[PDB]
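Working notes for the structure below.
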Amino acid sequence: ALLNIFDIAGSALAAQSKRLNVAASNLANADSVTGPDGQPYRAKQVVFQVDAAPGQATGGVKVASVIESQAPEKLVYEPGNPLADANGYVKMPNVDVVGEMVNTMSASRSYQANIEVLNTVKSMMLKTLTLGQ
Amino acid sequence: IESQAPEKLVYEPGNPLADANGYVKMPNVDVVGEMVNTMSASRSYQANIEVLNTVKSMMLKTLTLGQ
Amino acid sequence: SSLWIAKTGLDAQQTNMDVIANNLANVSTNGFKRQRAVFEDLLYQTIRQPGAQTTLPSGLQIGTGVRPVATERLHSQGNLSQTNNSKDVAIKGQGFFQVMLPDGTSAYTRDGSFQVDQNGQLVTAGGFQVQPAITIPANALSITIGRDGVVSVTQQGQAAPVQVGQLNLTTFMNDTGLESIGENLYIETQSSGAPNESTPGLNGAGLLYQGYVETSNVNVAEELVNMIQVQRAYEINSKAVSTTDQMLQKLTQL
Amino acid sequence: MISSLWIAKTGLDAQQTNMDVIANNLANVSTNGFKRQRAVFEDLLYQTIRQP
Amino acid sequence: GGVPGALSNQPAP
Amino acid sequence: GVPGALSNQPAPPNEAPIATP
Amino acid sequence: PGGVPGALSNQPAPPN
Amino acid sequence: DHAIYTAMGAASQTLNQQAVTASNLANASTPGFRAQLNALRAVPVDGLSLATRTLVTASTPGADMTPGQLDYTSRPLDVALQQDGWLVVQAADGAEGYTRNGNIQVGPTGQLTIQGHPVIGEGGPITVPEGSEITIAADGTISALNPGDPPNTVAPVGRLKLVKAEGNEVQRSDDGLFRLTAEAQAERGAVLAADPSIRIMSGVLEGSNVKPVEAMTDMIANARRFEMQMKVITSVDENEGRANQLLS
């Protein structure tokens, strides 16, 4: 379907968009006490894999799944909350602020770099077709 | 061939992928080098296209030698 | 890139900020040891080795960032405050009261503010029993906790105090290695193993002053200077983050 | 790194120790056979900058 | 060969 | 399967409840 | 029958 | 067509210098830290016929040996060395390393450590009797008093190995410890003997010596240099396009 460069750069754009979405969702839920069921929000992470279609030669980036972080959930002593345990510590998400801003900046700069790569390739693509005519 | 450069070490001993001391290994890609390589490849490609175009024009003109 | 390095820097200063906030929140807690956070830089990366040697030693060697290794508590004797309550004792020296947790494991504490439960029994403010246990009869006109941990009770219509029990103190070889359970409790670790029980005054155990409570070890001005420097280092690292972003942005807009 | 802070911190600590010693001396006026304490403050190591 | 060209159809068919 | 493929079936509706039903 | 675009339809609201 | 590569080298080495500076700034709170110096060396390309192309290579020429500011902590085991003095520890790989971190810790078994590295004293790593109170003198001498036992029973146990070495004789290893350079090893020997002229202060910890002014100036300079290199790259990138697309 897609040309190889198109597929690689578009996969890069989609992967960076997914990472930015995960960062934004984490930054929104930084102060959430409960979900829809009664469990604390867990910071999400996105794992980049190389989609090496040929044997070890090249390939874009794919995202296998969005994993839930395994870090000590923040404990805040609020015994009056219905979600407090026997000891009374309500669970707050493990979303760090600085890491998510850094992730947003890095995802934006990778997105823009891949956009520039596509823009650069495009002129050569259109100029290839003048070879025959 | 694999590029010869130290693998970029990142301290994240919370990510499921890690090292013995939590040193996540990230690729050694030098972004500036790759962007410059892309630009250079595009320019050389376009130069070769011009070579092909003018060569085909000359072949046609040679085919119109005596006529 | 430099983004990860400066983000690790920001994470370290926030950690230090959390440590300082914890120290400042526990100013009025009885028997609190201040927490001090130390940091270590991670593995240095060598890119090209220095050549065979005037000039300057050439060679690109790039670092990685900063990580927090372990936060240590300063085991220094705090001050004593006078609370006329006869149940409170302060320790003069390195010794910890041993306590049974409800699950059945033993923890160690220094807060000497005690009470007595419904059936006698000396307990901490959280209700945990203080071992080896002391049962008190209900005609205790006055209770005296001696220098050697002796718990004597005065009975009505008698001329001599009645001995009950000795408050055995647990001494550790490395006090800084104890793990903080949270609610004014420490648990032994591999770095603080071999809990040595002893009568106070023997084998290096500290003496007991009855009617006094040990104040927190938290020095106040040191924490404020720490906060000032933490804020300034955080601002510097944020400036580094802003600088790297600007450069990569120029590269992209090329 | 900041420096002038870590020097003024030592200044504050020295004054705090002096005030603690003074408070101890004042609190024990009524004790029989008590001896006044005086804290001696005296500076740390100097760093020496090369002068070509 | 091992590397497909940039202007080739997605290796993944 | 892969995001961006072609299927003959419309995706299910995207509901996001606020409380557990 | 598509509804309002953008802000109103991208906010969590109880069904009615 | 090859000036783009000169400018790209300049920009990449500016990124490397910025990485070094950011790593230095991240350790503004690291106890006993030595900042890594940075310098851009110029490499002139040899050849024919008119030598015009000279590239940039980032370098880290040793480290900074200016002492930082001493925090006075009322603890007998935190020590600070004299200027250009080093504490000796047994390195990770059974070797010898030098450091400024005077945050000496003790274990349940009684051995002294720095960052987990055992400290090396006269006769091999120093071991203190189990669970003793330790004081460090002003010349490396270590005294140990058992808890609760006549304070007349305080006796020295050993002496720390304190050495003297300058920046030229010292190179940082990848594990954060400092070692001798080969040219210094050839003259001063494989192992440095103790230097008796170094005084050590007990109760003060040495912090890092990163200078904020130099770091901020370096960041500003790196940003501006990177922008100039990007402009050069852009200028070269338009010209080549026009040239080929037209002279074909």
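Going through the structure tokens in order, the chains are called A, B, and so on, while each chain numbers its residues from 1 and the ligands are numbered from 1 in the order shown.
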- [ ] Compute the chain H side of the contact with chain D at 9 Å, counting only C-alpha atoms, and hand it back as number ranges by chain.
- [x] H: 28-29, 66-72, 81-83, 199-201, 204, 207-212
Okay, now the selection with N, CA, C and O atoms, as a short mmCIF file (atom, residue, chain, number, x, y, z; two decimals), in the first residue's frame?
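This is the output file part_21.cif:
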data_model
loop_
_atom_site.label_atom_id
_atom_site.label_comp_id
_atom_site.auth_asym_id
_atom_site.auth_seq_id
_atom_site.Cartn_x
_atom_site.Cartn_y
_atom_site.Cartn_z
N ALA H 28 24.24 19.33 41.21
CA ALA H 28 24.51 20.48 42.06
C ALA H 28 24.39 20.14 43.54
O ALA H 28 24.91 20.88 44.38
N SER H 29 23.73 19.03 43.88
CA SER H 29 23.57 18.61 45.26
C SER H 29 24.35 17.34 45.58
O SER H 29 24.25 16.83 46.70
N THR H 66 38.45 22.64 42.11
CA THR H 66 38.17 23.69 43.07
C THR H 66 37.21 23.16 44.14
O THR H 66 36.14 22.65 43.79
N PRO H 67 37.55 23.25 45.42
CA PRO H 67 36.66 22.71 46.46
C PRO H 67 35.35 23.48 46.52
O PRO H 67 35.28 24.67 46.21
N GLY H 68 34.30 22.79 46.98
CA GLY H 68 32.99 23.43 47.10
C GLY H 68 32.80 24.02 48.48
O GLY H 68 33.81 24.35 49.11
N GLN H 69 31.55 24.14 48.93
CA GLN H 69 31.26 24.77 50.25
C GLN H 69 30.98 23.69 51.29
O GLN H 69 30.20 22.78 50.98
N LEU H 70 31.56 23.81 52.48
CA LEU H 70 31.42 22.75 53.50
C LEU H 70 30.17 22.96 54.36
O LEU H 70 30.07 24.03 54.98
N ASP H 71 29.26 21.99 54.40
CA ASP H 71 28.09 22.02 55.26
C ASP H 71 28.50 21.42 56.60
O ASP H 71 29.01 20.30 56.65
N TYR H 72 28.29 22.18 57.68
CA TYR H 72 28.64 21.72 59.02
C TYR H 72 27.50 20.87 59.56
O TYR H 72 26.43 21.39 59.89
N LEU H 81 38.24 17.04 53.28
CA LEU H 81 39.67 17.03 53.06
C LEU H 81 40.19 18.44 52.79
O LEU H 81 39.43 19.38 52.55
N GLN H 82 41.51 18.57 52.85
CA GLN H 82 42.15 19.81 52.43
C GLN H 82 42.03 19.97 50.92
O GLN H 82 41.65 19.05 50.20
N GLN H 83 42.34 21.18 50.45
CA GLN H 83 42.34 21.43 49.02
C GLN H 83 43.36 20.53 48.33
O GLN H 83 44.49 20.38 48.80
N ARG H 199 45.50 18.03 56.23
CA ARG H 199 44.63 18.10 57.43
C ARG H 199 43.22 17.76 56.96
O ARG H 199 42.90 18.03 55.80
N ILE H 200 42.43 17.15 57.83
CA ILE H 200 41.07 16.73 57.55
C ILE H 200 40.17 17.24 58.67
O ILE H 200 40.52 17.11 59.85
N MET H 201 39.04 17.84 58.31
CA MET H 201 38.10 18.37 59.28
C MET H 201 36.95 17.39 59.47
O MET H 201 36.33 16.96 58.49
N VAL H 204 32.20 18.12 58.86
CA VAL H 204 31.83 18.98 57.74
C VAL H 204 31.87 18.14 56.46
O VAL H 204 32.84 17.41 56.22
N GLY H 207 30.29 19.65 49.50
CA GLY H 207 29.30 19.54 48.44
C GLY H 207 29.92 19.58 47.07
O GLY H 207 31.13 19.37 46.90
N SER H 208 29.09 19.85 46.07
CA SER H 208 29.55 19.95 44.69
C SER H 208 30.17 21.31 44.43
O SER H 208 29.98 22.26 45.20
N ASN H 209 30.91 21.41 43.33
CA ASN H 209 31.60 22.63 42.96
C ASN H 209 31.20 23.13 41.57
O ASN H 209 31.99 23.79 40.89
N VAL H 210 29.99 22.82 41.13
CA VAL H 210 29.50 23.35 39.87
C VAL H 210 29.18 24.83 40.03
O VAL H 210 28.59 25.25 41.03
N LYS H 211 29.61 25.64 39.06
CA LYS H 211 29.41 27.08 39.12
C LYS H 211 28.18 27.45 38.31
O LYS H 211 28.16 27.22 37.09
N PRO H 212 27.13 28.00 38.92
CA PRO H 212 25.92 28.32 38.14
C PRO H 212 26.15 29.36 37.06
O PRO H 212 25.54 29.28 35.99
#
Which residues of chain H sit at most 6 Å from chain C, using only C-alpha atoms? Give each one's shortest atom pair and distance in Å (one decimal place), in chain and ascending residue order, as CSV.
residue,atom,partner,partner_atom,distance
H:19,CA,C:2,CA,4.9
H:20,CA,C:62,CA,5.5
H:23,CA,C:65,CA,5.1
H:26,CA,C:9,CA,4.4
H:27,CA,C:66,CA,5.9
H:30,CA,C:39,CA,5.2
H:59,CA,C:60,CA,4.3
H:60,CA,C:60,CA,5.0
H:61,CA,C:57,CA,5.0
H:108,CA,C:174,CA,5.1
H:131,CA,C:173,CA,4.0
H:147,CA,C:204,CA,4.3
H:148,CA,C:204,CA,3.9
H:174,CA,C:44,CA,4.7
H:175,CA,C:43,CA,5.7
Open item on the list: What's around region 2-13 of chain E at 9 Å? Count only C-alpha atoms, leave out sequence neighbours fewer than 5 positions away in its own chain, and write the answer as a count of residues only.
Closed with: 14
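Any residue of chain B with an atom no more than 9 Å from chain H counts as a contact; using only C-alpha atoms, that gives residues 30, 31, 32, 33, 36, 39, 40, 43, 44, 46, 47, 49, 50, 51, 53 and 54 of chain B.
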With N, CA and C atoms kept, could you save the residues just selected as a compact mmCIF listing (two decimals), in the first residue's frame?
# COMPACT_ATOMS: atom_id res chain seq x y z
N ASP B 30 21.90 9.80 16.33
CA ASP B 30 22.25 11.22 16.38
C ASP B 30 21.31 11.94 15.42
N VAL B 31 20.35 12.68 15.98
CA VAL B 31 19.24 13.20 15.18
C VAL B 31 19.74 14.16 14.11
N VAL B 32 20.69 15.04 14.46
CA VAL B 32 21.22 16.00 13.50
C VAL B 32 21.87 15.27 12.33
N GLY B 33 22.64 14.22 12.63
CA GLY B 33 23.25 13.44 11.57
C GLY B 33 22.23 12.81 10.64
N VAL B 36 20.62 15.56 8.40
CA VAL B 36 21.56 15.96 7.35
C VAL B 36 21.71 14.86 6.31
N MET B 39 18.66 15.00 4.01
CA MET B 39 18.77 16.10 3.06
C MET B 39 19.79 15.79 1.96
N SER B 40 20.95 15.24 2.34
CA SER B 40 21.98 14.91 1.37
C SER B 40 21.50 13.84 0.39
N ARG B 43 19.13 15.41 -2.12
CA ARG B 43 19.80 16.23 -3.12
C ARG B 43 20.55 15.38 -4.14
N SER B 44 21.25 14.34 -3.69
CA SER B 44 21.95 13.46 -4.62
C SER B 44 20.97 12.73 -5.53
N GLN B 46 18.04 13.87 -6.54
CA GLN B 46 17.56 14.81 -7.55
C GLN B 46 18.61 15.06 -8.62
N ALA B 47 19.89 15.14 -8.22
CA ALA B 47 20.95 15.31 -9.21
C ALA B 47 20.99 14.14 -10.19
N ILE B 49 18.49 12.26 -11.01
CA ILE B 49 17.32 12.38 -11.88
C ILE B 49 17.60 13.35 -13.02
N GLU B 50 18.24 14.49 -12.72
CA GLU B 50 18.59 15.43 -13.78
C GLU B 50 19.52 14.79 -14.80
N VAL B 51 20.50 14.02 -14.32
CA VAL B 51 21.41 13.32 -15.23
C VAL B 51 20.62 12.41 -16.17
N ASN B 53 17.45 12.60 -17.06
CA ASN B 53 16.61 13.37 -17.97
C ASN B 53 17.42 13.90 -19.15
N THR B 54 18.55 14.55 -18.87
CA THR B 54 19.33 15.11 -19.97
C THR B 54 19.91 14.01 -20.85
TODO: From a DSSP calculation on the backbone, collect every residue of region 32-244 of chain C in strand (DSSP E or B) and output the set as a PyMOL selection string.
DONE: chain C and resi 35-40+45-46+61-62+67-73+80-82+89-92+96-100+106-109+114-117+120-124+129-130+142-145+150-154+162-166+169-171+179-180+186-187+196-198+207-210+212-214
Open item on the list: List as a list in words the protein and nucleic acid residues near residue 135 (chain C), meaning an atom at most 9 Å away when only C-alpha atoms are counted, but skip any in the same chain fewer than 6 places from it.
Closed with: residues 116, 119, 120, 121, 122, 164 and 165 of chain C
Open item on the list: Neighbouring residues of residue 13 (chain G) were defined as those with any atom within 12 Å, considering only C-alpha atoms; residues of the same chain fewer than 2 positions away were excluded. Please report them as a list in words.
Closed with: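 Counting only C-alpha atoms, the residues come to residues 15, 16, 17, 18 and 19 of chain F; 7, 8, 9, 10, 11, 15 and 16 of chain G.
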Just N, CA and C atoms for this one: save the residues we selected as a PDB file, in the first residue's frame.
ATOM      1  N   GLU F  15     -18.426   4.318  24.364  1.00  0.00           N
ATOM      2  CA  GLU F  15     -19.066   4.773  25.588  1.00  0.00           C
ATOM      3  C   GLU F  15     -18.045   4.874  26.717  1.00  0.00           C
ATOM      4  N   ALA F  16     -18.191   5.922  27.526  1.00  0.00           N
ATOM      5  CA  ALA F  16     -17.323   6.134  28.685  1.00  0.00           C
ATOM      6  C   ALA F  16     -18.183   6.547  29.864  1.00  0.00           C
ATOM      7  N   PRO F  17     -18.629   5.590  30.669  1.00  0.00           N
ATOM      8  CA  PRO F  17     -19.491   5.923  31.805  1.00  0.00           C
ATOM      9  C   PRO F  17     -18.715   6.577  32.935  1.00  0.00           C
ATOM     10  N   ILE F  18     -19.438   7.355  33.735  1.00  0.00           N
ATOM     11  CA  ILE F  18     -18.833   8.007  34.889  1.00  0.00           C
ATOM     12  C   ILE F  18     -18.866   7.111  36.123  1.00  0.00           C
ATOM     13  N   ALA F  19     -19.887   6.269  36.255  1.00  0.00           N
ATOM     14  CA  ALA F  19     -20.009   5.349  37.374  1.00  0.00           C
ATOM     15  C   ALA F  19     -20.223   3.936  36.849  1.00  0.00           C
TER      16      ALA F  19
ATOM     17  N   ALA G   7     -16.334  20.458  21.712  1.00  0.00           N
ATOM     18  CA  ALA G   7     -16.262  20.529  23.168  1.00  0.00           C
ATOM     19  C   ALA G   7     -17.401  19.770  23.838  1.00  0.00           C
ATOM     20  N   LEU G   8     -18.642  19.998  23.403  1.00  0.00           N
ATOM     21  CA  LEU G   8     -19.784  19.447  24.128  1.00  0.00           C
ATOM     22  C   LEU G   8     -19.813  17.925  24.064  1.00  0.00           C
ATOM     23  N   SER G   9     -19.483  17.352  22.910  1.00  0.00           N
ATOM     24  CA  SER G   9     -19.519  15.907  22.736  1.00  0.00           C
ATOM     25  C   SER G   9     -18.238  15.218  23.182  1.00  0.00           C
ATOM     26  N   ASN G  10     -17.243  15.969  23.652  1.00  0.00           N
ATOM     27  CA  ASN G  10     -16.026  15.392  24.206  1.00  0.00           C
ATOM     28  C   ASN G  10     -15.906  15.636  25.706  1.00  0.00           C
ATOM     29  N   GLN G  11     -17.034  15.785  26.398  1.00  0.00           N
ATOM     30  CA  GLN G  11     -17.056  15.910  27.842  1.00  0.00           C
ATOM     31  C   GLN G  11     -17.889  14.789  28.449  1.00  0.00           C
ATOM     32  N   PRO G  15     -25.728   9.616  30.428  1.00  0.00           N
ATOM     33  CA  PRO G  15     -26.694   9.417  29.341  1.00  0.00           C
ATOM     34  C   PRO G  15     -28.102   9.812  29.765  1.00  0.00           C
ATOM     35  N   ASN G  16     -28.886  10.256  28.789  1.00  0.00           N
ATOM     36  CA  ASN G  16     -30.275  10.629  29.033  1.00  0.00           C
ATOM     37  C   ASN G  16     -31.182  10.118  27.917  1.00  0.00           C
TER      38      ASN G  16
END
Residues of chain A within 12 Å of chain B, counting only C-alpha atoms, what are they? List them as an mmCIF file with N, CA, C and O atoms, in the first residue's frame.
data_model
loop_
_atom_site.group_PDB
_atom_site.id
_atom_site.type_symbol
_atom_site.label_atom_id
_atom_site.label_comp_id
_atom_site.auth_asym_id
_atom_site.auth_seq_id
_atom_site.Cartn_x
_atom_site.Cartn_y
_atom_site.Cartn_z
ATOM 1 N N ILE A 5 8.938 4.692 2.870
ATOM 2 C CA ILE A 5 9.197 5.909 3.634
ATOM 3 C C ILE A 5 7.902 6.491 4.194
ATOM 4 O O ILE A 5 7.855 6.933 5.351
ATOM 5 N N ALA A 43 -0.842 5.462 36.388
ATOM 6 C CA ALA A 43 -0.176 6.148 35.290
ATOM 7 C C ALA A 43 0.122 5.179 34.155
ATOM 8 O O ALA A 43 0.657 4.090 34.374
ATOM 9 N N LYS A 44 -0.229 5.582 32.941
ATOM 10 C CA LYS A 44 -0.058 4.738 31.771
ATOM 11 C C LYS A 44 1.290 5.003 31.115
ATOM 12 O O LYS A 44 1.809 6.122 31.143
ATOM 13 N N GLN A 45 1.860 3.953 30.533
ATOM 14 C CA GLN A 45 3.084 4.064 29.758
ATOM 15 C C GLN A 45 2.878 3.411 28.402
ATOM 16 O O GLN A 45 2.116 2.451 28.261
ATOM 17 N N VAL A 46 3.572 3.946 27.404
ATOM 18 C CA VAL A 46 3.525 3.442 26.040
ATOM 19 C C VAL A 46 4.907 2.904 25.692
ATOM 20 O O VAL A 46 5.921 3.550 25.976
ATOM 21 N N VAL A 47 4.946 1.708 25.113
ATOM 22 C CA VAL A 47 6.193 1.015 24.813
ATOM 23 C C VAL A 47 6.372 0.994 23.302
ATOM 24 O O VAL A 47 5.501 0.503 22.573
ATOM 25 N N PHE A 48 7.499 1.521 22.835
ATOM 26 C CA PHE A 48 7.802 1.568 21.411
ATOM 27 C C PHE A 48 8.564 0.313 21.018
ATOM 28 O O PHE A 48 9.579 -0.022 21.638
ATOM 29 N N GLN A 49 8.082 -0.380 19.992
ATOM 30 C CA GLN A 49 8.814 -1.474 19.383
ATOM 31 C C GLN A 49 9.105 -1.113 17.935
ATOM 32 O O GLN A 49 8.378 -0.329 17.322
ATOM 33 N N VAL A 50 10.182 -1.661 17.396
ATOM 34 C CA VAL A 50 10.500 -1.465 15.989
ATOM 35 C C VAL A 50 9.759 -2.515 15.174
ATOM 36 O O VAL A 50 9.875 -3.719 15.430
ATOM 37 N N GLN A 56 15.730 -7.706 10.312
ATOM 38 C CA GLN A 56 16.680 -6.825 10.985
ATOM 39 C C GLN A 56 17.140 -5.638 10.143
ATOM 40 O O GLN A 56 18.085 -4.953 10.548
ATOM 41 N N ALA A 57 16.522 -5.367 8.993
ATOM 42 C CA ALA A 57 17.047 -4.323 8.113
ATOM 43 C C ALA A 57 16.575 -2.931 8.528
ATOM 44 O O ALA A 57 17.375 -2.092 8.952
ATOM 45 N N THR A 58 15.273 -2.670 8.412
ATOM 46 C CA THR A 58 14.684 -1.384 8.777
ATOM 47 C C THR A 58 13.315 -1.648 9.389
ATOM 48 O O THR A 58 12.977 -2.781 9.744
ATOM 49 N N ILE A 67 0.730 -0.039 28.862
ATOM 50 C CA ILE A 67 0.894 -0.745 30.121
ATOM 51 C C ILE A 67 0.568 0.199 31.270
ATOM 52 O O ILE A 67 0.594 1.424 31.131
ATOM 53 N N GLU A 68 0.245 -0.382 32.418
ATOM 54 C CA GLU A 68 -0.015 0.377 33.632
ATOM 55 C C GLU A 68 1.233 0.344 34.503
ATOM 56 O O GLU A 68 1.789 -0.729 34.754
ATOM 57 N N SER A 69 1.672 1.518 34.951
ATOM 58 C CA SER A 69 2.915 1.614 35.703
ATOM 59 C C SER A 69 2.815 0.860 37.023
ATOM 60 O O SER A 69 1.753 0.788 37.648
ATOM 61 N N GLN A 70 3.941 0.289 37.443
ATOM 62 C CA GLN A 70 4.055 -0.411 38.720
ATOM 63 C C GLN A 70 4.977 0.413 39.613
ATOM 64 O O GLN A 70 6.187 0.183 39.660
ATOM 65 N N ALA A 71 4.397 1.378 40.315
ATOM 66 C CA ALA A 71 5.111 2.205 41.273
ATOM 67 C C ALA A 71 4.268 2.321 42.531
ATOM 68 O O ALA A 71 3.043 2.152 42.476
ATOM 69 N N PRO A 72 4.893 2.577 43.680
ATOM 70 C CA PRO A 72 4.118 2.777 44.911
ATOM 71 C C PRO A 72 3.089 3.883 44.741
ATOM 72 O O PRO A 72 3.431 5.050 44.542
ATOM 73 N N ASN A 94 0.277 7.652 40.782
ATOM 74 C CA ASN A 94 1.724 7.825 40.789
ATOM 75 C C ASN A 94 2.215 8.688 39.636
ATOM 76 O O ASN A 94 3.357 8.529 39.187
ATOM 77 N N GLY A 99 8.189 14.470 34.644
ATOM 78 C CA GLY A 99 8.368 13.457 33.618
ATOM 79 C C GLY A 99 7.368 13.591 32.487
ATOM 80 O O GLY A 99 7.712 13.401 31.319
ATOM 81 N N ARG A 109 8.702 17.077 19.669
ATOM 82 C CA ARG A 109 9.886 17.327 18.803
ATOM 83 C C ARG A 109 10.116 16.125 17.885
ATOM 84 O O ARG A 109 10.589 16.355 16.768
ATOM 85 N N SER A 110 9.827 14.897 18.326
ATOM 86 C CA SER A 110 9.924 13.758 17.417
ATOM 87 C C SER A 110 8.862 13.832 16.325
ATOM 88 O O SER A 110 9.136 13.533 15.153
ATOM 89 N N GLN A 112 7.518 16.561 15.071
ATOM 90 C CA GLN A 112 7.898 17.592 14.113
ATOM 91 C C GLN A 112 9.072 17.149 13.246
ATOM 92 O O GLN A 112 9.133 17.486 12.057
ATOM 93 N N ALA A 113 10.015 16.394 13.817
ATOM 94 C CA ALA A 113 11.134 15.895 13.024
ATOM 95 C C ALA A 113 10.660 14.936 11.938
ATOM 96 O O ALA A 113 11.116 15.006 10.789
ATOM 97 N N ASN A 114 9.738 14.034 12.281
ATOM 98 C CA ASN A 114 9.199 13.125 11.273
ATOM 99 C C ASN A 114 8.401 13.882 10.215
ATOM 100 O O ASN A 114 8.438 13.531 9.025
ATOM 101 N N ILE A 115 7.678 14.927 10.627
ATOM 102 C CA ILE A 115 6.976 15.771 9.663
ATOM 103 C C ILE A 115 7.962 16.402 8.689
ATOM 104 O O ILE A 115 7.721 16.444 7.475
ATOM 105 N N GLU A 116 9.081 16.914 9.206
ATOM 106 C CA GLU A 116 10.093 17.511 8.341
ATOM 107 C C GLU A 116 10.683 16.480 7.389
ATOM 108 O O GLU A 116 10.973 16.792 6.229
ATOM 109 N N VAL A 117 10.870 15.246 7.861
ATOM 110 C CA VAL A 117 11.385 14.193 6.986
ATOM 111 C C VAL A 117 10.418 13.938 5.834
ATOM 112 O O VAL A 117 10.823 13.842 4.667
ATOM 113 N N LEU A 118 9.122 13.835 6.142
ATOM 114 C CA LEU A 118 8.132 13.630 5.083
ATOM 115 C C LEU A 118 8.115 14.798 4.105
ATOM 116 O O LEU A 118 8.061 14.599 2.883
ATOM 117 N N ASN A 119 8.165 16.024 4.627
ATOM 118 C CA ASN A 119 8.152 17.202 3.766
ATOM 119 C C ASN A 119 9.365 17.215 2.845
ATOM 120 O O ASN A 119 9.253 17.558 1.662
ATOM 121 N N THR A 120 10.535 16.843 3.371
ATOM 122 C CA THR A 120 11.740 16.783 2.549
ATOM 123 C C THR A 120 11.618 15.724 1.462
ATOM 124 O O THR A 120 11.961 15.973 0.300
ATOM 125 N N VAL A 121 11.128 14.536 1.820
ATOM 126 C CA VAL A 121 11.029 13.458 0.843
ATOM 127 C C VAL A 121 10.036 13.814 -0.251
ATOM 128 O O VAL A 121 10.177 13.364 -1.398
ATOM 129 N N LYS A 122 9.030 14.625 0.079
ATOM 130 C CA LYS A 122 7.904 14.802 -0.829
ATOM 131 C C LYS A 122 8.333 15.412 -2.158
ATOM 132 O O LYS A 122 7.854 15.008 -3.227
ATOM 133 N N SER A 123 9.212 16.412 -2.108
ATOM 134 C CA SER A 123 9.657 17.061 -3.335
ATOM 135 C C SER A 123 10.368 16.072 -4.246
ATOM 136 O O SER A 123 10.131 16.047 -5.460
ATOM 137 N N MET A 124 11.226 15.229 -3.669
ATOM 138 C CA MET A 124 11.899 14.192 -4.442
ATOM 139 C C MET A 124 10.898 13.204 -5.027
ATOM 140 O O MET A 124 11.059 12.737 -6.160
ATOM 141 N N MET A 125 9.851 12.879 -4.267
ATOM 142 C CA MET A 125 8.814 11.985 -4.777
ATOM 143 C C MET A 125 8.145 12.562 -6.014
ATOM 144 O O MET A 125 8.013 11.885 -7.039
ATOM 145 N N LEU A 126 7.695 13.812 -5.923
ATOM 146 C CA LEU A 126 7.025 14.435 -7.062
ATOM 147 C C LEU A 126 7.978 14.609 -8.237
ATOM 148 O O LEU A 126 7.560 14.536 -9.397
ATOM 149 N N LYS A 127 9.276 14.768 -7.971
ATOM 150 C CA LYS A 127 10.262 15.027 -9.059
ATOM 151 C C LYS A 127 10.689 13.709 -9.691
ATOM 152 O O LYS A 127 11.240 13.735 -10.794
ATOM 153 N N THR A 128 10.469 12.601 -8.995
ATOM 154 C CA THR A 128 10.768 11.314 -9.615
ATOM 155 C C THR A 128 9.884 11.068 -10.831
ATOM 156 O O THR A 128 10.354 10.567 -11.859
ATOM 157 N N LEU A 129 8.604 11.432 -10.737
ATOM 158 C CA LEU A 129 7.637 11.098 -11.776
ATOM 159 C C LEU A 129 7.876 11.852 -13.077
ATOM 160 O O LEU A 129 7.285 11.494 -14.099
ATOM 161 N N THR A 130 8.718 12.884 -13.069
ATOM 162 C CA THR A 130 9.054 13.586 -14.301
ATOM 163 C C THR A 130 10.127 12.871 -15.111
ATOM 164 O O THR A 130 10.446 13.318 -16.218
ATOM 165 N N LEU A 131 10.684 11.775 -14.591
ATOM 166 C CA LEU A 131 11.724 11.049 -15.313
ATOM 167 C C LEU A 131 11.194 10.482 -16.627
ATOM 168 O O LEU A 131 11.863 10.569 -17.662
ATOM 169 N N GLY A 132 10.002 9.883 -16.600
ATOM 170 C CA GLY A 132 9.446 9.297 -17.811
ATOM 171 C C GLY A 132 8.953 10.324 -18.813
ATOM 172 O O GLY A 132 9.142 10.164 -20.022
ATOM 173 N N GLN A 133 8.287 11.369 -18.335
ATOM 174 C CA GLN A 133 7.796 12.408 -19.229
ATOM 175 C C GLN A 133 8.620 13.678 -19.060
ATOM 176 O O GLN A 133 9.346 14.081 -19.968
#
Task: At most 12 Å to chain F: residues in chain A, only C-alpha atoms, as a PyMOL selection string - done: chain A and resi 1-2+7+10-11+14-15+18+34-39+51+62-65
Could you give me, as a PDB file with C-alpha atoms, in the first residue's frame, the residues within 12 Å of residue 34 (chain D), counting only C-alpha atoms and dropping anything in the same chain fewer than 6 positions from it?
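Written output follows (selection-v4.pdb):
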ATOM      1  CA  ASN D  24      21.726  26.204  79.510  1.00  0.00           C
ATOM      2  CA  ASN D  25      23.830  28.606  81.592  1.00  0.00           C
ATOM      3  CA  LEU D  26      20.785  30.730  82.443  1.00  0.00           C
ATOM      4  CA  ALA D  27      18.533  27.771  83.265  1.00  0.00           C
ATOM      5  CA  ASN D  28      20.984  26.417  85.863  1.00  0.00           C
TER       6      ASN D  28
END
Task: Point-to-point distance from CA of residue 18 (chain C) to CA of residue 109 (chain C), Å rounded to tenths - done: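 Distance reported for this atom pair: 23.0 Å.
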